[PDB]
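Below you'll find the structure, written out as C-alpha cells, and then a few comments.
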Ligand SMILES: [Zn+2]
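As C-alpha cells, this is what we get:
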C-alpha cells in the first residue's frame, strides 16, 4: 500500500533541492495537507520550522515541507525517525558532484 | 444531431454561425479557414466546433412520418 | 435577516482557549474567497500562520485556520482580513471606474 | 509597510480596448489571488438570466424534447439581469413564478409546405414554410408590471440567428419557457461571459544584444511587432512584449537560447473579458468586484457561530 | 556566537541540472586545508568562479519560534548577504587531524573540510550560515 503515478512524480518534483517555497506557499501547502480539526495531528495547534534561507527572502525547501508534515503527524512525546534509505534515481542525473540518492532522515527531518 | 448552440470548451454562442458559414463555403467560394476567421471563431475550441460539424439532422428529417410520401 | 448562524462555524476541535488558534468553517465557498482572504490575512503582521483547505470539492465547504500570537485574536485577525478585502475591492472598483471615465 | 493605501498607490489599471462585447484591460500590481478571484467570479458567480423550465405542449419534430429544452436553455437572452430577483424553492410552484422573478417566452411554430418552389430542394426555406426554427422565434410574453418595465427593454435573444430546430411539414413545436435568474456556477447556461481569462504580461529579457541580420533574424522568430529593430547596428529591441504569445519558438535556435530569457510579470495581468451579449463586459467586471466586496461584507456581518 | 569565519575563493560553480541552485566548490585563501562544497540558490545570490565569499558559521543571529524581520531590530544577518539555517548530520575524518563537517539546509548541503578549526564547530542542532560578497 503506497502512493501511485502522479503522487510519485509529485514527490520527485517537490523534494528536489530546486523546489523553494515562500512562507505563504509553505504554510498554505501545510494546512492544505494537515487539518487539526480533523484529528490529523497530535498537537491541537500548528508548528512550523525556520526558513531554509533567512536572507534576501525567507525560503523553505520541499524537504522542509516533508519535515513539517512528519513533525506534525508524529507524537510530540517521541523523537524523529532516523533512516538512511536510497532512491531509484542515480546521483549522476543531478550533476557531476550532486549527491541525491542517499535519503537521510535525522530526528524527523529529511536532510 | 444539430449544430451545437455553444462551443463546449470556450462558451461562445456558435449556433448562429452555421448557415452563414455554409453559405460562405458555397456562395463566396471561400475556404474553411478563412470562413471561420470571418465568423470570429478565433479560438480552436470554436474553430473546431463549426469546422468538424456533421449536420446529420438533414439525413434524419427525410424520415418524417407525419407527411405522405 | 437573522445573523447567519450557519455560514461560519468555529471548530472547537481546532480552537485554543487562550485565544490565538482557530479553524473556521464557511459553507458554500472555495478558493474564490479563500485564497484572496488568506492572501490579505498574511498581510497582518500579527498572523503567525494562516491558510485554507477544502475538505472535499463535492462537499462545497471551506476551512480557514488562523493561529496567531497573543497580540491579536483569530476572530479579530479574520475581521482584519475582511475589512482589508472590502476596502481593497473598493480601491479596485474606484480605479476601474476612473479609467473607464478617462477613455 | 503594507497598507491598503500603499496598494492603492501601487495598483494600476490600463484599459487597452473596450468594445460593447469585449474588454481587454490590465490590472497592474495586484495579487494573483485577486485576479483569479475576479475571473472565477465573472465566470461562475455573476448572475445571468437564462431559460430554465421549458413547458412543452406538443413536439412532433425529429428532435428530442429534452435536447430541444437544453438548447433553448443555452440561448443567451439580452436581459439586464437586475430586472429580476431570485426565485426561491421553499415554496409552491404557484408562488415560485411571478412577474418579479420569471420571464415567459412562447414558441408556437407549425411547419408547412410551400406552394411549389422552382426545381425541388431549392433549399429548405423555399420548399417549406417555417422550416427553420430560430431563437428569433421566441416571442416574449410579459405579465403586467414587467410588461410596462420592459416597454423600453423588450426581451430578445442576444443572437436571434441561432438555429434552434429544423422541422418538416406537419411537424409542430409549442412550448413555453420560463427564464429565471441564475449563476454560471450552478449551470454553465447562466455564465454571462463567453471567455473571461487573464494572462501574465510576457517579459523578454535580452541577456546580450543581437544585431544586423541575426537581430532581424531573431525578430522574425516572434509575432510580427513584438521585436522591433530601429537600426540593428546597436540593438534589436522589443516594440511591445504584450503582442507575444509565448510560443517559445525562439528557443529552437542556439543563436538565441543562450542570449535570451523568457519570463512574465507576476504583478501585471492582462484580462480579456468577452460578453455573450446579456451584459457589457465591463459591467460584468463591475458586478464581479462588487460581488467579492458584498461577500466580504456578508462575512463581516455574520456572527461567528460555535 | 561565531564558530567559524573565513574569506573563500570560489574555484567552481556547477549548476548541476537545476535552474536556481548551484554546487559551489571553494577553497580558503587563508588556510590550505580549509575546503568548502556548498549548494546555494544563485538566483537569490549569484556567484561566479574565482570570486570572494566571506563565509561565517555562527550558532545564532544573536548580537522555539521565528519572526519575519522588523525594522525595530537587527541581527547578525544585517552584516551579511546570504543566510541559511541548517543542521549538521555527518562528521568524517580525513586524517589523524583532517575532519570534514556536513550541514544540510533543508537539503542544501555543505561540506567543510578542515582538521582542527572544527573544534569550535562541533555538531549542533542548528548552524547559521552567513555569506558576504
Ligand atoms: Zn470555442
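Chains as they are written, first to last, in the entry's author numbering: chain A, 667 to 777; chain J, 1 to 69; chain K, 40 to 142; chain C, 30 to 335; chain H, 3 to 65, 77 to 146.
Just so you know, even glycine gets a beta-carbon here, dropped at the ideal spot from N, CA and C.
- is_contact[residue 92 of chain C, chain J] using C-beta, thresh 8 angstroms: yes
- Message: Please report whether the beta-carbon of residue 99 of chain K lies at a distance below 8 angstroms from any beta-carbon of chain C.
- Response: no
- Task: Give a yes or no on contact between the segment 230–241 of chain C and the segment 268–283 of chain C, applying the rule of three or more CB pairs nearer than 8 angstroms.
- Result: yes
- Under 6 angstroms from any heavy atom of ligand 1, by CB: list those residues in chain order, please. J:7, J:9, J:10, J:12, J:43, J:45, J:46 and J:49
- Starting from residue 24 of chain H, follow its DSSP beta bridges and name the residues at the other end. H:42
- Query: DSSP beta-bridge partners for residue 88 of chain C?
  - Reply: C:202
- Checking contacts by CB at 8 angstroms: is residue 102 of chain K closer than that to chain A? yes
- Can you tell me where the beta strand (DSSP E) with residue 230 of chain C in it begins and where it stops? 222–234
- Message: Our contact map puts residue 162 of chain C next to residue 225 of chain C with C-beta atoms below 8 angstroms; I'd like the distance itself, whole angstroms only.
- Response: Contact doesn't hold; Cβ gap of about 31 angstroms is too wide.
- Go through the segment 681–759 of chain A residue by residue and report every complete run of the beta strand (DSSP E) that reaches 3 residues or more, in order. 686–688, 725–727 and 749–752
- Query: Taking the alpha-carbon positions, what's the residue 330 of chain C to residue 47 of chain K distance?
  - Reply: 11 angstroms
- Item | Span of the alpha helix (DSSP H), counted from its first residue to its last, around residue 123 of chain C | 122–125
- Cross-strand partners of residue 158 of chain C (DSSP beta bridge): C:141
- Item | Residues near residue 689 of chain A by beta carbon distance below 6 angstroms, same chain, minus five either side | 724
- Task: Using alpha carbons as the reference points, say which of K:80, K:74, K:56 and K:61 lies closest to residue 33 of chain C.
- Result: K:80
- Message: Taking 8 angstroms as the threshold (C-beta atoms), are residue 89 of chain K and residue 105 of chain K in contact?
- Response: yes
- Say whether chain K places a C-beta atom closer than 8 angstroms to the C-beta of residue 701 of chain A. yes
- Compare the C-beta of residue 129 of chain H with all C-beta atoms of chain A and state if any pair is closer than 8 angstroms. no
- Please name the residue or residues paired with residue 143 of chain H in a DSSP beta bridge. H:58 and H:96
- Note down, in chain order, all residues in the segment 114–127 of chain H with a beta-carbon under 8 angstroms from any beta-carbon belonging to chain A. 117, 118, 119, 120, 121 and 122
- Query: Where does residue 122 of chain H land, buried or exposed, given buried means 16+ other C-beta within 10 angstroms?
  - Reply: buried
- Message: With distance defined between alpha-carbon atoms, name the residue in K:84, K:137, K:67 and K:68 nearest to residue 111 of chain K.
- Response: K:84
- So is residue 310 of chain C buried or exposed if we call it buried at 16+ other beta carbons inside 10 Å? buried
- Item | Start-to-end residues for the beta strand (DSSP E) that takes in residue 91 of chain K | 86–92
- Near residue 709 of chain A, what residues of its chain come up, given a Cβ to Cβ distance below 8 angstroms and the 5 sequence neighbours on each side ignored? 702, 738 and 742
- Query: Nearest to residue 261 of chain C by alpha carbon, out of C:253, C:269 and C:243?
  - Reply: C:243
- Opening and closing residue of the alpha helix (DSSP H) in which residue 769 of chain A lies: Segment 768–772 is the beta strand (DSSP E) holding residue 769 of chain A; no alpha helix (DSSP H) there.
- If you follow the beta strand (DSSP E) that residue 59 of chain J is part of, which residue opens it and which one closes it? Counting along the chain, residue 59 of chain J falls outside any beta strand (DSSP E), though it belongs to the alpha helix (DSSP H) covering 57–61.
- Three or more C-beta pairs closer than 8 angstroms, one from the segment 52–60 of chain H and one from the segment 10–22 of chain H: is that the case here? yes
- Task: Leaving aside the five residues before and after residue 321 of chain C along the sequence, list all residues of the same chain whose C-beta is less than 8 angstroms from its C-beta, in chain order.
- Result: 66, 67 and 70
- Task: Can you tell me which of C:255, C:210 and C:247 puts its alpha carbon nearest to the alpha carbon of residue 118 of chain C?
- Result: C:210
- Task: Thinking residue 154 of chain C and residue 201 of chain C are a contact (beta carbons under 8 angstroms), I'd like their distance in whole angstroms, please.
- Result: The Cβ separation is near 18 angstroms, so there is no contact.
- Below 6 angstroms CB to CB, which residues in the same chain sit around residue 206 of chain C once its five sequence neighbours on both sides are set aside? 80, 83, 101 and 134
- Query: residue 93 of chain H and residue 143 of chain H: beta carbons closer than 8 angstroms?
  - Reply: yes
- From what residue to what residue does the beta strand (DSSP E) around residue 670 of chain A run? Per DSSP, residue 670 of chain A belongs to no beta strand (DSSP E) and is neither H nor E.
- What in chain K is Cβ-close to residue 335 of chain C, meaning under 8 angstroms? 48, 49 and 51
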